[PDB]
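Report on the structure
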Amino acid sequence: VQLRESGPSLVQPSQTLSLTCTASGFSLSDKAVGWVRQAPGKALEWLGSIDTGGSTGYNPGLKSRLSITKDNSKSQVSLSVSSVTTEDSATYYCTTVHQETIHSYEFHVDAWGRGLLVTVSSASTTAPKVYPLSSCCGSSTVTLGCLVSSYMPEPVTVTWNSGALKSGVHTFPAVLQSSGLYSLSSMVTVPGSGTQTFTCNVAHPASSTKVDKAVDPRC
Amino acid sequence: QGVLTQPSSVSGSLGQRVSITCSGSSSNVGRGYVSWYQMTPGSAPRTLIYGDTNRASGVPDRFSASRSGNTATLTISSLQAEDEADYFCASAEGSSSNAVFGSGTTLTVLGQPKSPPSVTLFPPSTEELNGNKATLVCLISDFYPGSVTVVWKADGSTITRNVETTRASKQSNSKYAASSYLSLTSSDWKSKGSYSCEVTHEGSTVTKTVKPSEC
């Protein structure tokens, strides 16, 4: 048992988000599956479950927008969330749950998926523009970098010199700018390096893009 | 409908006894099948406790839990580095398929000495400026505790428009980082004598400056 969520990492406001859960090492007719999400900086939030018999329960606050179904055939469980807003941006987790019934009700999560971040935004998939940075104009050490500008959605990956350069590399978490697009930056501090060469390697999987930007260390 | 209320924050030093409360009502916690979950940085949650008191497989026995009435408590007997994480209780309410998670607790392990921020300020690239855009990037690293404030200045006056600043995030070396971006037109950049990023950390300010005429 591992659970795996699949679906879009980005969807537009008012549309319907639809996720699938598979990756199962057991039968849906033997165990209940739950969905749990976590909006950024919020607590875990229950969405609902479907038991072995296909009976569903839902978070009562969210229920009007939620649909969970399954098909034992393909060992797949679905979630749909209707009329999405930015409040629906979250990491979505598929789970297996213990649900059982002095008359007290038993609940716990047995197994957790890895989770899939989904962002709800008016912005659609946008590959970054990469710009070279140098601190020069602000010293035996120069700091170089790359600005990874105006992309959607997360994530972005940065290496230097194809992975050869790791020491003194610091890549920062992104900011969401007033544009509605993300930017993040990677920097490297170089002790020199007269004819040594510095290239940042940016990957934005959602747009299927890789960018190499050469950055001038001269100062 | 119900709410499981936890402290927002808890802290201690290595080896100390730390507790996390989870207060509900007779319809949730009071019914006695509380569970607990840990979420370590950049990992899916893991189950710690179920049925008020049982420990999940593989969880160290410094973790224990109990319940009295409508309040459940998770206790870590000897706080370990790896225990810096977010913690959540949960309970069914009125139905085994209606789960309520608690509001969540961030646990920090104290120990790190104070460390000031390193600040690097980058001016806009020529390539960006060609696009009629200028982004100044202030990168802030290796500070502890994880709390900085950022003020941008142009010729000694404060700018607030078109600034986005991150909160502090944990680095792999257990200090913190943050960044700030000021988005200008190429004209506003060029029009000023100097721009400054001024980072304050617990009352002490590290300032970096760039002058368009030199950059």
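**Digging into the overall build of chain B**
Helix and strand counts for chain B stand at two helices and 19 strands. Over its C-alpha trace chain B gives a radius of gyration of 23 Å, far above what one expects of a compact globule, namely 17 Å for 215 residues. Taken over the C-alpha atoms alone, chain B extends approximately 70 × 35 × 30 Å along its principal axes. In chain B, which comprises 215 residues, the proportion classed as buried is 47%. Sequence separation of at least 24 residues holds for 58% of the intrachain contacts in chain B that already meet a minimum separation of 6. With the model as given, the accessible surface of chain B reaches about 9,500 Å², and the carbon-plus-sulfur share is 42%. Mean positive and mean negative side-chain charge positions of chain B (17 and 16 charges, respectively) differ by 2 Å.

**Things to note about the state of the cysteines**
Residues and elements named next belong to chain A. As enumerated under the stated definition, the model contains six disulfides over all chains in all. Here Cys146 is linked by a disulfide to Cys200, with a sulfur-sulfur distance of 2.0 Å. Classification of the bridge connecting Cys146 and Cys200 rests on its S-S torsion, roughly -90°, and on that basis the disulfide is left-handed. Residue class for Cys146 comes out buried when judged on its relative accessible area of 0%.

**As for the sheet that holds strand β18 (residues 198–204) of chain A**
All names here are of chain A. In space, the three strands of this open sheet follow the order β14-β18-β19, with antiparallel pairing throughout. Each having just a single partner strand, β14 (157–160) and β19 (209–215) make up the two edges of the open sheet. The average angle at which neighbouring strand axes cross in this sheet is 20°, direction not considered.

**What to know about the sheet that holds strand β1 (residues 4–6) of chain A**
Residues and elements named next belong to chain A. Strands sit in the order β1-β3-β8-β7 across an open sheet of four strands; the sheet is antiparallel. Edge positions in the sheet fall to β1 and β7 (66–71), since each of these pairs with one other strand and no more. Strand-to-strand twist in this sheet, taken as the mean axis angle between neighbours without regard to direction, amounts to 20°.

**Looking at the environment of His170 of chain A**
Following the sequence through the fold, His170 of chain A ends up in strand β15 (residues 169–171). C-alpha separation for the pair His170 of chain A and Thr189 of chain A, spaced 19 residues apart in sequence, amounts to 8.9 Å. Apart from residues no more than four positions distant in its own chain, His170 of chain A is found in contact with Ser185, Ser186 and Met187 of chain A together with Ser141, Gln171 and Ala177 of chain B.

**With respect to the domain arrangement of chain B**
Split by domain assignment, chain B resolves into domain 1 (9–110) and domain 2 (118–210). Put simply, the middle of domain 1 of chain B and the middle of domain 2 of chain B, counted by C-alpha atoms, are 38 Å apart.

**Examining the packing of aromatic side chains**
Evaluated as defined, the whole model comprises 10 aromatic pairs over all chains. Seen from their ring centres, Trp112 of chain A and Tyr37 of chain B are 5.5 Å apart, and the 75° between their planes marks the pair as edge-to-face. With one member in each of two chains, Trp112 of chain A in strand β10 (residues 106–112) and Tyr37 of chain B in strand β3 (residues 35–39) form a pair that bridges those chains. Note on accessibility: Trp112 of chain A and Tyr37 of chain B belong to one class, buried.

**Things to note about the interface of chain A and chain B**
Taken together, the contact between chain A and chain B spans 51 residues of the former and 52 residues of the latter. A combined buried area of about 4,000 Å² lies between chain A and chain B, and 64% of that area is made up of carbon and sulfur atoms. Considering only the side of chain A, the residues that lose the most area to chain B are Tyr105, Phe107 and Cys137 of chain A, jointly responsible for 16% of the buried surface there. Inspection of the chain A/chain B interface yields one salt bridge. With a closest N to O distance of 2.6 Å, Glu127 of chain B and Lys213 of chain A form a salt bridge. Here the side of chain A that touches chain B is composed, by residue class, of 25 nonpolar, 19 polar and seven charged.

**Remarks on the environment of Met152 of chain A**
All names here are of chain A. Tracing the chain through its elements places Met152 in the loop between β13 (142–151) and β14. A C-alpha to C-alpha distance of 6.2 Å links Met152 and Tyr182, two positions 30 residues apart in sequence. For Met152, the residues in contact, after removing those within four places along its chain, are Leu10, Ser121, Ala123, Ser124, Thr125, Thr126, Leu176, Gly180, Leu181, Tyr182 and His204.

**Structural notes on the pattern of salt bridges**
Residue and element names in this part refer to chain B. The full count for this structure, using the stated rule, is 11 salt bridges over all chains. With a shortest N-O distance of 2.8 Å, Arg67 and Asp52 are connected by a salt bridge. One end of the pair, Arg67, is in strand β6 (residues 63–68); the other, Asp52, is in the loop between β4 (46–50) and β5 (54–55), with 15 residues separating them in the sequence. Accessibility expressed as a relative area gives 11% for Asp52, which makes it buried.

**Comments concerning the pairing of β18 of chain A**
All names here are of chain A. Burial of β18 is extensive: seven of the seven residues sit out of reach of the surface. The two faces of β18 match: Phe198, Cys200, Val202 and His204 on one face and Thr199, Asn201 and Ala203 on the other face are all buried. Bridging between β14 and β18 involves four bridges; their strand directions are antiparallel. Looking at the pairing, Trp160 lines up with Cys200 of β18. Pairing between β18 and β19: seven bridges, direction antiparallel. Following the sheet pairing, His204 is matched in β19 by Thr209.

Criteria and thresholds
- Residues numbered from 1 in each chain as written, not as in the entry; some residues may be left out.
- Chains lettered and ligands numbered in written order.
- Heavy atoms only, no water.
- Residues with missing side-chain atoms left out of burial classes, pairs and counts.
- Helix = DSSP H or I, 4+ residues; strand = E, 2+ residues; numbered from the N terminus.
- Rg over C-alpha atoms; globule rule 2.2 N^0.38 Å.
- Buried < 20%, exposed > 50% of the residue type's maximum accessible area, 1.4 Å probe, protein only.
- Contact = heavy atoms within 4.5 Å.
- Areas by Shrake-Rupley, 256 points an atom, 1.4 Å probe, with all protein chains shown as cover.
- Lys, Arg positive; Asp, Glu negative; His and termini not counted.
- Charge placed at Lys NZ, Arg CZ, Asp CG, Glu CD.
- Disulfide = S-S within 2.5 Å.
- Pairing = 2+ DSSP bridges.
- Axes fitted to C-alpha atoms, helices over the stretch in contact; angles between N-to-C directions.
- Domains from an automatic or database assignment.
- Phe/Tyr/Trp six-rings, centres within 6.5 Å; stacked < 30°, edge-to-face > 60°.
- Buried area = accessible area lost by both parts, 1.4 Å probe.
- Salt bridge = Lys/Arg side-chain N within 4 Å of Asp/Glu carboxyl O.
- Nonpolar A, V, L, I, M, F, W, Y, C, P; charged D, E, K, R; others polar.

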